[PDB]
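This document starts with one chain, in the form deposited in one PDB entry, laid out as structure tokens.
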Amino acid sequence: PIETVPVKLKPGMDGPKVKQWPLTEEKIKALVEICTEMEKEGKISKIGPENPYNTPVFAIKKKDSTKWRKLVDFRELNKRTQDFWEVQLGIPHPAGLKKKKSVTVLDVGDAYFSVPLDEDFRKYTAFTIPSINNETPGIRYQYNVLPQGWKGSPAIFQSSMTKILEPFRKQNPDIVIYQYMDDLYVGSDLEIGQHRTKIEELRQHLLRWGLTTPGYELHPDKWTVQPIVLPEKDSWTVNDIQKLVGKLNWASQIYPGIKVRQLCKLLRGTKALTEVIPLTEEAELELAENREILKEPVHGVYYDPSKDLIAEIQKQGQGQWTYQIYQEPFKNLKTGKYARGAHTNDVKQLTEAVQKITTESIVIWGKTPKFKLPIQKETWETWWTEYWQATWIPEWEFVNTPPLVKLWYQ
């Protein structure tokens, strides 16, 4: 077939050998029908016991679709694949995309199967359909074409893409199209009705060039930060003011101009928690000043492409959550809130929150963040695929949320 661009692992590194987390029967079935079809077209090939590598695989469902989708967790392989610089553009980031009234996201993962994979590389793509109760050691395959979800993928298809995206890029240069992994982001400010059709075009304009394309329809322009909040009471008690002094002194870690001296003086003495303190003139003013400082994100905090994007989520209750994206502790680039009344279930709301914060980190910085999840691994590992719809998998860690750090956000 056509000619392969030679791929290599960072010098010194070996292929990934990751364990497949157990899958339910319905899931292995889905994957078995999918892989047989791919096997017949020649995209994947059965392998022997002499390949010791493994990447985990999952079957995730679609929105308004009865179709399953195979999902490969290439995270370990992607960290071990040669650094990718493309001798064409280096595919930078459209700082402008974020300012767009509308952004549509297209899956172009399929473009990838029309291109062969360096032969010596194939072995590293080894994956396993596990068998129930360990009856067998599983059905082993490797890829012959560009796998969806690998980093070298869009790198290698990088040229045929611009070639397909030429009539369009100039037949209407008011459109910003960014490509991240297997996704395509089309942005503009057109009126919602005309935008929706200019996408229909692109779709059609693509099939006829060497690919097919099927999700989200976001609006970055009305996305905002949730600043720190101060309660506004009719009458204050000792408890109220103690909570206030506590929140306030955590906050002064970020905004140093925060004073609590007067507040603190209204609170010296073993007074009863429910004693109502009528406010002093100086304390009223010190509060007024503090609110003012908290009205905007702290000054001079900057996105450094050299550092990792970290995302922390907190369970607020009643189907509510709060998150913060930062690179340095306190130095927050963004903060936000997520709600779905409380009902569906924790794991679902959390998975949906993760997909949304990732989409936004991409649209804004063109990078996915590393999450700190408030859940036990075994529960997450068991259910996340039940709700996942994205085609990438960000990295995550599992943590313990402090009760204070939690309420200091709402």
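Residues that one form lacks are left out of the comparison. Between two forms, the rigid core is the largest collection of C-alphas that superpose within 1.5 Å. We number the residues from 1 along the sequence you see.
There is another form of the same protein, the form deposited in another entry; it is not shown, and what comes next is about it.
Q: Would you indicate which listed residue, out of 88, 133, 306, 318, moves its Cα by 2 Å or more between the shown form and the other one relative to the superposed core?
A: Correct option: 88.
Q: What direction does the residue 89-residue 188 Cα distance move in the other entry compared with the shown chain, closer or farther, given a change of 3 Å or more?
A: Those two alpha carbons end up farther apart in the other entry.
Q: Knowing the Cα distance between residue 153 and residue 89 changes 3 Å or more in the other entry, does it shrink or grow relative to here?
A: So the answer is closer.
Q: With the two forms aligned on the rigid core, where do runs of 3 or more residues move by 2 angstroms or more at the CA atoms between the shown form and the other one?
A: After superposition, residues 84-91, 209-212, 254-256 shift as runs.
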